[PDB]
Each structure stands twice: as C-alpha cells, then as structure tokens.
Amino acid sequence: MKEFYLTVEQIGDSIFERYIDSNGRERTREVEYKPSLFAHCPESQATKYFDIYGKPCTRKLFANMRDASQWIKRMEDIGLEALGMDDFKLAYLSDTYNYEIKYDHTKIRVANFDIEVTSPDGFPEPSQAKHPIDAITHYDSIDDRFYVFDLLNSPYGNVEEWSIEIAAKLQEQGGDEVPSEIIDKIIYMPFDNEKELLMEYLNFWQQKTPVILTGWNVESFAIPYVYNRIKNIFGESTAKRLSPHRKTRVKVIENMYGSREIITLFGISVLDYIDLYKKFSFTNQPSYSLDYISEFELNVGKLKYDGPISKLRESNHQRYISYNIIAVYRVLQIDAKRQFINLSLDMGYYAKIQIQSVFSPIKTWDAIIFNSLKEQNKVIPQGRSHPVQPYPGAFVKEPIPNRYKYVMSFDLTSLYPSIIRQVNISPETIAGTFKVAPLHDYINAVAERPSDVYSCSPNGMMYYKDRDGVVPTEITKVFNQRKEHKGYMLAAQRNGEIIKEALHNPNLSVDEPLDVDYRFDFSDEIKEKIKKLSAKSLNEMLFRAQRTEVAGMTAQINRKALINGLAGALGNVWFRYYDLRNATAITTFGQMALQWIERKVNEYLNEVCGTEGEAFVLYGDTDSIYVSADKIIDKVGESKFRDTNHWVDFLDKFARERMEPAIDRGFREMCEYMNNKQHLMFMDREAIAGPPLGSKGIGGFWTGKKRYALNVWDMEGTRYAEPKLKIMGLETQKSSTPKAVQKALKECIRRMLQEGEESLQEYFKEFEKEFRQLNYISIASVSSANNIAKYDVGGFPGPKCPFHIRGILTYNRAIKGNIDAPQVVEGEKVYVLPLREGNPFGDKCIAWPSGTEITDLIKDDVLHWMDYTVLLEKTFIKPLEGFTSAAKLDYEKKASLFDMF
DNA sequence: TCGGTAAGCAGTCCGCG
DNA sequence: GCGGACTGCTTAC
Ligand SMILES: Nc1ccn([C@H]2C[C@H](O)[C@@H](COP(=O)(O)OP(=O)(O)OP(=O)(O)O)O2)c(=O)n1
Ligand SMILES: [Ca+2]
Ligand SMILES: [Ca+2]
Ligand SMILES: [Ca+2]
Ligand SMILES: [Ca+2]
C-alpha cells in the first residue's frame with residue numbers, strides 16, 4: 001500500500017512522524033529535516049522558482065529548522081520578504097507525501113475515553129487534580145474493545161468489583177442496561193490502588209498509543225486531569241508518557257474575557273468530540289451535556305441515578321462504572337451517525353495537515369494552496385500583519401410584512417465559490433482597477449461597461465482572464481467533491497419519501513428490509529418490492545435511508561462550509577492571502593447578482609402577466625429570491641386543479657421550463673456586462689409553497705428580514721409525503737426559546753399556514769388555559785452567560801446587568817456557602833425563569849446550569865414562585881402577536897353581530 | 001467561547017413636556 | 001409606553 005502519515009511534530013531541529021508504512025505497519029521516525037525558504041533574486045539569474053506574481057526567487061536550503069527561523073527574523077530586521085512555507089512540518093509532509101493521500105482508517109488508532117473523579121468539594125479542577133481518578137473507560141478502534149480501569153479502594157470509599165452480569169440486565173431487573181452489543185467487548189480491570197491503576201494505564205497507552213484521541217470534553221477536562229494527576233503522584237517525566245515523543249506543553253487558550261489551559265500532547269491528534277460537534281453539526285443546543293446531546297441525536301433516555309454524582313461511587317459503584325462505559329459508547333454511537341471523525345480524516349489528509357488543524361479553515365487552505373503552488377515550483381508569499389478592518393457583506397431585501405399564499409423560491413448554487421470561479425478572484429490574478437459607479441447603476445445596467453479586457457466585480461476590481469487563479473482552481477476541486485455528496489444526500493432524502501408514502505399501506509406479513517444503496521434513487525423494481533413490505537421492514541428501511549441522508553449531509557455541508565470559509569478567510573488578517581479587495585470583490589458582486597436578477601425576474605413575470613411595475617420578488621437574502629406565485633395559479637384558476645399535488649406539479653414545470661431559462665438569460669447578460677471568465681451563476685428553483693388545496697391556510701408569511709415561515713410541498717426536487725414547515729429566524733428556531741414554547745409556536749404556525757385563523761384561535765385558547773402544567777424546564781428560557789463577574793457587585797446586579805446574569809446572581813445568593821451545589825460556569829448556558837413579586841429569592845428571575853434539574857435545595861421554592869404570566873407573555877404571546885399581525889390574522893376571536901344571538 | 005457579514009429581538013437606561 | 005443608544009445573544013446567509 002501507499003504510505004500515509006498519522007501525526008507529525010516539530011521538536012527543535014527534528015521532525016517526529018508517526019506513519020503507516022508500505023506494509024500497513026505503524027512506525028515512528030525522527031528526521032533531521034532541512035527546510036528551504038526563498039528570497040527574491042535578480043531577473044538575469046536562472047531559477048526554476050517563481051513567486052505567485054511571476055518574480056524569480058532563489059531557494060535557500062538551511063542546515064536545520066532553527067537556522068531557517070532565525071533567517072526569517074533577520075529578514076524582518078533588514079526589511080525584506082522571507083518567502084515560502086514557514087510552518088516546516090507542512091513542508092515536510094508536502095515533500096514526504098507528494099501525491100494524493102490514500103489512507104486506510106482501519107490502521108488508524110482512534111481512541112475514545114472518559115474518566116470519573118469523585119469530588120466531595122465541588123467540581124474537580126483539572127489544573128489541580130487533587131482527587132483520585134477512580135474510573136477510566138478507554139475504547140480502542142483497532143481492538144474494538146472497551147478497556148475499563150476500575151479503582152476499588154479510595155480515600156472516598158472502598159467498593160466491590162463491578163459485575164458485567166448485573167450491568168447487562170434490564171433496569172427493571174435492577175440492571176444498568178449496558179447494550180448487549182458491547183457486553184462481549186468489555187475488558188474489565190479492577191485495581192487495589194490508584195498508583196497501580198495509573199501505572200497500568202500508562203503501560204496500556206504505550207502499547208496502544210492513540211493517533212486520534214477523542215471523547216466528550218477530553219481536551220478541557222479528561223486529558224488535563226489525567227496528565228496533572230499523574231504529574232502530582234509520579235512527577236513530570238511520568239506524565240509526559242502520554243506523549244509518544246515524551247513532549248508536552250501547557251497551552252493557554254485565550255478568549256475575549258479570560259483564558260484556560262489545555263495540555264498539548266506531541267504526537268497525538270486530539271479531536272474533542274464536543275468541538276467536532278459544535279463545528280460540524282450545524283445545531284445550536286441549549287445544553288452540551290453528553291446526556292442532552294445523546295437524547296437529541298439518538299433518542300436514548302437520560303442515564304438515571306439517585307443522589308449527587310459525588311456520592312454515586314460510594315452508594316452505587318455498580319451503576320457508576322456502567323454509566324462510565326455507556327458514556328464512552330454514546331460518543332461512538334453519535335459518531336456512527338454523524339461521521340465527524342471520518343470527515344476530519346478526509347479533510348486533513350486532503351489538505352496534508354495535522355488532523356487537528358481541520359478546526360482552522362485558515363490553516364487548511366494555507367496548506368491546500370501551498371501544496372498546489374509547490375506542484376508548479378511556485379513560491380508562496382510571506383504572511384504579513386494587517387489591522388482588522390470592517391467590510392461589506394450580502395444584500396438582504398426588506399420584505400413587506402404580510403401573508404403570502406403561493407411562493408416559489410430560487411437560489412444560486414454555492415454562491416461565493418461560484419463568484420470566485422466566475423470572476424477569477426485570486427491573489428495573483430489581480431489585473432488592476434476601474435472607476436466605480438454606484439451599485440444601483442450596475443444593477444440597472446446603466447453604468448459604463450467596466451472592462452473590455454479583464455473580468456470585473458462592481459467593487460472596482462479587475463482580474464486576468466488568460467488563466468485560472470490558484471484560489472479558483474483549488475476551490476473548484478472541493479466544490480466538485482461537495483456536489484457528489486450532496487447528490488447522495490438528496491437521493492436518500494427522496495428515497496425516504498418513497499418509504500413514507502408506502503408506510504400508508506403496510507402489508508400484513510413477516511419479511512426483511514431490502515438490501516439497497518440509499519445513496520441512489522430507488523429503481524422501479526425496488527419501488528415495487530417496497531409496496532409489498534410490512535411496517536416493520538419499512539420503518540427499518542426508513543431509519544437506514546435517514547442515516548444515509550445524515551452521512552451525506554455531514555459530508556456535503558462541511559465541504560460547503562470549507563469553501564465558504566475560503567471566501568471568508570480572504571477577510572481575516574491572519575490568512576496569508578488576506579486582501580479586502582478580493583473579499584469585497586466577492587461580496588459586492590453578490591449584492592449586484594441578487595438585485596440584478598430581482599430586476600430580471602420582475603421584468604419577465606410582468607411581461608407574462610401583461611402588467612408593468614408590479615413586484616413579484618417579495619424577498620431575497622444573499623443568494624436567494626422568493627417569488628409570489630398567486631397570479632400564476634390564478635391565471636389557471638384554483639378550480640382547475642385536482643388536488644394539491646396538481647398545482648405543485650404545475651408550478652414545478654413553470655419554474656423549470658419558463659422561469660429558469662429566463663433567469664439563465666439574465667445572468668448570461670450580467671456575465672458579459674462584467675466580462676467575466678466563465679458563467680457560473682446557476683439559479684435553480686428551491687421551494688414550492690402554499691396552503692393545502694381547498695383549505696383556509698395562508699401558505700406563508702414574513703414579519704421582516706430573516707423572519708418567515710412557509711408551507712413547503714417540494715424542496716430541491718424532494719416531493720414530500722406530507723407538507724413541511726420551513727421556518728426561518730422565528731422563535732421556534734431559537735435555542736433561547738423554551739422547549740415547550742417552540743413546540744406551541746410551531747403548532748400555531750402550522751395551523752396558520754395549513755388550516756387558517758379559526759384553527760389558530762382554537763389552539764391558542766387551549767394553550768393559554770393549560771400551559772401552567774408544563775414542566776418547569778420545558779418553559780425555561782435559555783441563554784449563554786458571559787461576564788458574570790463584571791456585573792456582580794457584592795452578589796447583587798451592577799449597572800446595566802443583563803436579565804440572565806441577574807438570574808445567575810440570584811441563584812448564587814440562594815446556594816451560598818453550599819460546596820456541593822452545581823456552580824454556574826462562565827461562558828456556558830443557563831436556564832432562566834421569572835419570579836413573582838415578593839418571592840424569597842429577592843429578585844425578578846433565577847438562572848441555573850442548562851441541561852440540569854435545579855438543585856433540590858431551592859427547587860420547591862422556584863416552582864412555587866415561578867411567574868407563569870410573565871413567562872407566557874414574553875416567550876409565547878409577544879412572538880405570536882408578531883406572527884399574526886404580520887399575517888393580518890387574529891389569535892383571539894373578535895366580537896361580531898352574531899354574539900347577539 | 002481557539003478555530004466571513006447582516007440583522008433580528010430582549011433587556012437596560014433614560015428621554016419624552 | 002415606546003423609541004434610541006447600547007449591550008448581549010442568537011439567528012440567516
Ligand atoms: N457561513 C457562511 C454561510 C454563508 N455564506 C455566504 C456564502 C454563500 O455562498 C452564501 C449563500 O449561502 P447558502 O447557505 O445559500 O449556501 P451556498 O449558496 O453557499 O450553497 P448551496 O449550494 O447549498 O446553495 O452566503 C458565508 O459567507 N458564510
Ligand atoms: Ca461521568
Ligand atoms: Ca445558495
Ligand atoms: Ca403495501
Ligand atoms: Ca440561500
């Protein structure tokens with residue numbers, strides 16, 4: 001097989017590399033890598049190396065990496081550019097793996113671990129590590145085994161061995177319900193003392209050294225705790241055995257309001273799953289506890305135990321250990337679904353970076369562009385310092401707040417990357433500038449044509465047309481990968497709908513789910529077999545189709561995020577290719593494109609309808625337009641349609657056969673106007689929305705920019721078994737909105753769009769009547785909580801204290817002196833409830849850590865004093881009033897003359 | 001929360017005769 | 001009470 005790296009590090013003048021050799025074996029080597037950098041040289045001097053602007057360079061080969069770094073410093077002292085890859089390990093990888101990396105995940109040791117630490121005096125601080133580590137569960141992907149290290153004797157209690165037999169039993173038999181599929185994969189090791197546990201753990205680590213190390217909060221808790229605990233018991237040299245090169249560094253992670261420490265383990269790639277999830281999931285969750293995320297992702301119940309976690313080991317060591325094992329498995333289950341590790345490996349190896357660098361789009365693109373340029377013996381520029389400067393972004397149309405009955409949306413494919421490719425925007429393709437007119441003048445095609453030679457953006461920039469820039473070349477590659485995965489995602493989505501349809505008529509039989517590839521549209525034969533399947537088999541197929549769709553979503557959305565990240569990196573001062581001329585060339589072209597096509601779409605539809613000056617485009621945001629289709633439907637007449645699916649088909653055909661060609665003609669003209677390199681503005685129909693045929697539903701409404709709701713029948717070619725609400729921006733979509741209130745507001749919206757005003761009024765009256773019975777957690781608001789200290793003046797709110805921070809201060813006073821009470825963690829999320837006048841907490845609200853029950857010490861009092869009236873007004877009535885006033889509807893029945901009978 | 005801009009709403013403070 | 005200046009937070013792209 002072709003070799004591939006696992007990890008790479010620079011330690012002084014050596015590169016330390018772990019890799020898989022040509023026989024599939026893991027190896028380690030230390031290489032005295034001699035880096036090269038570059039200086040500009042005279043034109044009359046033969047070289048094969050040129051900078052990106054075509055200026056010749058001489059290569060400087062250094063005796064060692066320290067010499068190279070010192071040279072960079074002296075070049076700064078002199079005032080001359082030091083060119084080339086200054087991150088020497090990326091240069092090493094580029095020299096050592098000068099081909100597209102083919103990696104084999106089965107050879108990569110991926111470790112998932114979790115530790116338990118009993119602590120009587122609150123949260124066990126990793127930098128102190130003053131409490132024994134009393135359990136470690138460490139799953140190894142190569143062995144496919146859960147290694148359980150269990151401390152039986154501690155100063156906080158002596159316990160009996162954990163029983164795998166009890167662990168396997170149902171909770172109803174007094175068991176822990178450790179899933180049967182992992183029972184035979186557990187290797188259980190009890191220890192008489194913590195010193196022996198840790199020594200054995202280190203020997204095990206040495207034998208089975210993680211390449212990728214993950215788990216939940218491992219980077220912020222488990223790793224620093226284990227490192228510091230071993231350091232405290234045994235000394236530094238022993239703790240450094242967690243690094244295969246025996247090198248570690250305390251790394252200070254700074255943010256706006258403070259800092260924290262992590263431990264860098266040289267020769268390991270730490271991908272904390274909480275951070276993978278935050279980056280790649282595209283969710284914003286009210287809590288990031290593993291129990292909360294597990295329930296969200298997997299629909300598994302919370303891990304149930306009695307009493308505080310600080311007393312769990314002593315009271316129920318059996319459950320304590322079982323829950324540590326289950327916690328490790330939950331992360332593997334989330335990964336089996338989401339496939340974030342797979343994604344990270346794919347992107348890291350593609351870019352030729354340390355796998356952990358996938359967190360940095362700047363590092364990722366720097367490496368991609370570097371490797372690309374190096375292929376042509378081109379030399380990258382030195383990074384420079386720049387002041388942070390604001391720059392303009394997208395255009396968003398102000399909508400007229402209203403109901404909108406029939407709506408068709410259109411959207412540009414991968415807009416910013418398409419602009420980069422169309423215009424040819426790159427550091428080395430800048431050709432010059434032209435005299436800019438107001439943007440309105442380009443939108444309306446009255447400005448002078450910018451150039452007859454170069455490709456232009458309405459910000460004034462011109463670009464070469466003779467050859468593709470490196471940024472367009474490399475962005476196109478990732479764009480093409482993204483397109484492939486999005487195809488698989490949409491097919492799985494369409495396949496899911498076929499199964500949902502068939503589930504209306506399940507057959508009474510015993511059978512099996514069909515063996516199919518859900519990434520490809522089902523054939524006629526498959527469709528025929530599906531129509532004969534039982535509900536059991538159909539539901540199993542639906543689950544599998546949906547898992548396929550999720551895997552496709554992960555692969556496609558994050559490749560989209562990467563290419564959009566390159567457009568944004570051009571506006572980040574730390575990017576080697578930072579240039580506000582290029583960043584603004586993209587965003588300004590985007591503003592023009594949207595408003596240009598708004599004009600063209602209005603012109604086309606006014607022509608087909610035989611009107612002038614009427615506004616068909618009701619809204620647009622960045623790259624999408626929303627078109628009122630009422631007049632199109634009305635030209636046919638609602639009476640002429642058999643059912644909802646009939647007018648949806650008609651609009652689908654109208655959009656594909658009439659509107660899309662008009663839109664294409666409009667953009668081809670714009671391409672010629674800007675003299676662009678290649679026409680790539682591809683705007684396709686996105687959604688078809690409207691009320692069910694014959695109903696009183698309103699179809700859709702807008703309240704303002706980035707705030708609307710539509711009843712969608714077809715989305716990007718997926719014809720839904722049942723209409724789907726597309727709600728953007730409204731409170732139903734906000735993590736700050738209470739869970740039960742999101743649900744209620746969504747149903748109000750469903751009723752508005754699908755059934756009408758009377759149905760909405762019926763539901764509102766019931767909710768208002770019953771909501772006080774809702775569980776307190778389900779009606780609590782949620783907020784991130786920053787700067788608790790800033791607003792804390794003797795335990796009371798300082799000037800301008802935010803509402804949620806006020807709540808935290810109330811909580812802090814209520815739990816004062818109690819060492820065991822859960823503390824609110826700066827920067828994390830809290831639940832917030834309003835409190836009625838004259839409550840014993842002395843303030844108008846209280847807040848406590850999100851994802852948790854409020855402590856038993858004050859729970860009773862919180863429940864008794866919760867202000868349900870304020871809660872309802874603020875989270876439910878106020879947003880609903882906004883929806884209904886926009887839609888010109890009443891949520892309560894107005895008096896009429898009939899009341900007189 | 002270590003890792004592009006536009007723009008919405010909640011809440012504080014305080015004016016507005 | 002409602003709006004502007006401002007902070008804080010959270011979305012849509
Ligand atoms: N984090 C983000 C999200 C979006 N955008 C910009 C660039 C996108 O091209 C544009 C429109 O975003 P969309 O969500 O409509 O997605 P794209 O058009 O990029 O992709 P798709 O092909 O899915 O429509 O907004 C951005 O700069 N950064
Ligand atoms: Ca735990
Ligand atoms: Ca788009
Ligand atoms: Ca059937
Ligand atoms: Ca869009």
Side-chain angles (χ1 to χ4, degrees), chain A residues 219-220 251-262 271-272 274-276 278-280 282-286 288 356-364 388-398 411-412 414-416 560-561 563-575 578 580 582-584 586-588 590-591 594 619-624 702-708 726-737 781-787 790-791 797-807 825-830 832 834 844-845 873-875 878-879 882:
Chain A
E219 192 183 67
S220 63
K251 186 186 187 180
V252 66
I253 302 306
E254 292 180 357
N255 64 54
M256 205 146 51
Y257 305 112
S259 73
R260 55 185 188 92
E261 298 187 340
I262 67 173
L271 306 178
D272 195 331
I274 193 171
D275 296 324
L276 290 179
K278 283 172 183 180
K279 183 183 173 58
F280 292 136
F282 292 83
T283 64
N284 192 9
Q285 299 284 10
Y288 289 89
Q356 67 265 35
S357 289
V358 303
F359 286 112
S360 64
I362 287 165
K363 182 64 75 176
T364 303
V388 178
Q389 282 189 301
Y391 69 95
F395 175 76
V396 188
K397 183 185 172 69
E398 189 77 67
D411 168 77
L412 287 148
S414 194
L415 181 64
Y416 281 13
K560 166 186 162 175
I563 57 182
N564 287 347
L566 180 50
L570 294 166
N572 182 299
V573 298
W574 300 105
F575 191 42
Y578 173 76
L580 250 31
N582 287 342
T584 306
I586 298 165
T587 64
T588 309
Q591 291 212 12
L594 179 65
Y619 184 67
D621 183 339
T622 308
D623 71 322
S624 72
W702 266 256
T703 78
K705 293 187 184 174
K706 300 179 191 287
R707 286 181 62 86
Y708 60 95
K726 177 181 179 48
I727 302 167
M728 309 309 306
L730 307 187
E731 282 72 10
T732 54
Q733 310 312 113
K734 290 175 60 70
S735 67
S736 44
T737 301
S781 301
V782 176
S783 189
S784 292
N786 302 299
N787 286 279
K790 171 191 271 190
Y791 292 105
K800 300 182 186 71
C801 182
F803 191 80
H804 59 290
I805 302 303
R806 181 183 289 274
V825 186
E826 169 74 12
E828 302 211 1
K829 294 186 187 191
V830 292
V832 190
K844 65 170 169 182
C845 60
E873 192 63 35
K874 279 157 52 158
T875 67
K878 209 186 176 195

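By convention in this document, chain letters (A, B, ...) are assigned in the order of the sequence lines, proteins followed by strands, and residues within each chain are numbered from 1. Heavy-atom basis, side chains included; hydrogens, waters and symmetry copies ignored.
Sugar pucker at B:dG4: north, on the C3'-endo side, as the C1'-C2'-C3'-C4' dihedral is above zero. Judged by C1'-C2'-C3'-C4', the furanose ring of B:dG8 adopts a north pucker.
Every side-chain contact (heavy atoms from CB on, under 4.5 Å) that A:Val825 has, sequence neighbours left out, goes to A:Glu828. Legend: residues meeting salt bridge (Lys or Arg N to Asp or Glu O under 4.0 Å) with A:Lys279, ordered by chain and number and at least two apart, are absent. Scanning for ring pair (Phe, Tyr, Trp, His ring centres under 6.0 Å) contacts around A:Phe575 gives A:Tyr577, with sequence neighbours left out. Every residue was checked against the salt bridge (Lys or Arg N to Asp or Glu O under 4.0 Å) condition with A:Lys790, not counting sequence neighbours, and none meets it. Taking A:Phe395 as the reference, nothing meets the ring pair (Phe, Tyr, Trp, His ring centres under 6.0 Å) condition, with sequence neighbours excluded.
Note on A:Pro361: only backbone sugar-phosphate atoms sit closer than 4.0 angstrom, heavy atoms only; bases stay farther off. If you check every strand for non-hydrogen atoms under 4.0 Å, A:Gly704 touches nothing. Within the nucleic acid shown, A:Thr587 has no heavy atom closer than 4.0 Å to any nucleic acid atom. If you check every strand for non-hydrogen atoms under 4.0 Å, A:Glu254 touches sugar and phosphate atoms only. A:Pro390 comes within 4.0 angstrom of no nucleic acid atom, judged by non-hydrogen atoms across all strands. Across all strands, A:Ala567 comes closer than 4.0 Å to no nucleic acid atom at all (heavy-atom distances).
Taking atom CZ of residue A:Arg806 and atom P of nucleotide B:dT12, one finds them 6 Å apart after rounding to whole Å. To the nearest angstrom, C1' of B:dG11 lies 8 Å from NZ of A:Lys844. Here the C1' atom of nucleotide B:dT1 and the CD1 atom of A:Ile262 are 14 Å apart, to the nearest Å. As a whole-Å value, the separation of A:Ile362 CD1 from B:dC2 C1' is 11 Å. The CZ atom of A:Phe803 sits 24 Å away from the P atom of C:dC6 (whole-angstrom rounding). Put simply, OH on A:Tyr619 is 10 Å from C1' on B:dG8, counting in whole angstrom units. Taking atom OH of A:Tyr391 as the reference point, atom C1' of B:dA6 lies 12 Å away to the nearest angstrom. Note: NZ (A:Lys800) to P (C:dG4) measures 19 Å, nearest angstrom.
Looking at the side chain of A:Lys251, the nearest of the listed nucleotides B:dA7, B:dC2, C:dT7 is B:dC2. In this structure, of C:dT10, C:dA12, B:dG11, it is C:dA12 that holds the atom nearest to the side chain of A:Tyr708. The A:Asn572 side chain lies nearest to B:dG4 when the options are C:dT10, B:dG4, C:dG8. Relative to the side chain of A:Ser783, the nucleotides B:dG8, B:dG4, C:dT10 differ in distance, and C:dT10 lies closest. The side chain of A:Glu219 has B:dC2 as its nearest neighbour among B:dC2, B:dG3, B:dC9. Comparing B:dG11, B:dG8, B:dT1 by their nearest atom to the side chain of A:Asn255 picks out B:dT1. Closest to the side chain of A:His804, out of C:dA12, C:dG8, B:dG3, is C:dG8.
If A:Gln733 and A:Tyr257 are placed on DNA chain C by their nearest nucleotide, the residue sitting closer to the 5' end is A:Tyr257. Positionally, the nearest nucleotide of DNA chain B for A:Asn786 lies more toward the 5' end than for the other of A:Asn786 and A:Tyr416.
A:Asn787 places none of its side-chain heavy atoms less than 4.5 Å from the side chain of A:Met256. The closest side-chain heavy-atom distance from A:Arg806 to A:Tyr791 is not below 4.5 Å. Side-chain atoms of A:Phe359 and A:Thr364, non-hydrogen and from C-beta on, never get closer than 4.5 Å to each other. In this structure, the side chains of A:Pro797 and A:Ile805 stay at 4.5 Å or more apart for every pair of heavy atoms.
Between A:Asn564 and B:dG4, a side-chain N or O to OP1/OP2 separation shorter than 4.0 Å is absent. Dashed line: the shortest gap from a side-chain N or O of A:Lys878 to OP1 or OP2 of B:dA10 is under 4.0 Å. Close to C:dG8, at under 4.0 Å from its OP1 or OP2, lies a side-chain N or O of A:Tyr791. Contact check, A:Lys278 against B:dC2: no side-chain N or O comes under 4.0 Å of OP1 or OP2. At the phosphate of B:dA6, neither OP1 nor OP2 sits under 4.0 Å from any side-chain N or O atom of A:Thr622. In terms of phosphate contacts, A:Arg707 brings a side-chain nitrogen or oxygen within less than 4.0 Å of OP1 or OP2 of B:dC9.
Under 3.5 Å, the side chain of A:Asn284 and the base of C:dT10 form no donor-acceptor pair of N or O atoms. Side-chain to base pairing of A:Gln356 with B:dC2: no donor and acceptor N or O lie closer than 3.5 Å to each other.
Under the stacking criterion of a centre-to-centre distance below 5.5 angstrom and an interplanar angle below 30°, A:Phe359 sits stacked against the six-membered ring of B:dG3.
Of the residues listed (A:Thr622, A:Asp621, A:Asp623), the one engaging A:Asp411 in a side chain to side chain contact (heavy atoms under 4.5 Å, CB included) is A:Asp623, and it is the only one.
To the nearest whole angstrom, the two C1' atoms, one in C:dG8 and one in B:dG3, are 22 Å apart.
Comparing the start and finish of the helix from B:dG4-C:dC13 to B:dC16-C:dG1, five pairs each, the helix axis swings through 30°, to the nearest 10 degrees.
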